[PDB]
Amino acid sequence: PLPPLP
Amino acid sequence: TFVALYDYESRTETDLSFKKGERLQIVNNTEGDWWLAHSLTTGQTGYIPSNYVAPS
């Protein structure tokens, strides 16, 4: 699960 | 030759954290949403999230 984009 | 849209903080002991604007020599981009990138600045290897990088 990729991280939360900025 | 990719670019880390943002500084990525390693989530495990297999990926490498990069910064925004840092170049990353992509290696394998078929495993899924995580590719193996090799930093040329230090010379270390570490997977990377594709949502934090972009193909320039």
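The deposited coordinates, according to the entry record, derive from solution NMR.

You'll find chain B entered in the PDB entry as C-SRC, with Gallus gallus given as the organism. Looking at the header, the entry is titled "STRUCTURE OF SIGNAL TRANSDUCTION PROTEIN, NMR, MINIMIZED AVERAGE STRUCTURE".

J.: Help me understand the environment of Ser10 of chain B, please; the structure alone is not making it clear to me.
T.: Residues and elements named next belong to chain B. Residue position: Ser10 is located in the loop between β1 (2-3) and β2 (23-28). The class for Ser10 is partly exposed, based on a relative accessible area of 32%. Between the C-alpha atom of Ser10 and that of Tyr47, which follows or precedes it by 37 residues, the distance is 8.7 Å. The contacts of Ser10, once residues within four sequence positions are left out, are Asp15, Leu16 and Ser17.

Calculation notes
- Residues numbered from 1 in each chain as written, not as in the entry; some residues may be left out.
- Chains lettered and ligands numbered in written order.
- Heavy atoms only, no water.
- Helix = DSSP H or I, 4+ residues; strand = E, 2+ residues; numbered from the N terminus.
- Buried < 20%, exposed > 50% of the residue type's maximum accessible area, 1.4 Å probe, protein only.
- Contact = heavy atoms within 4.5 Å.

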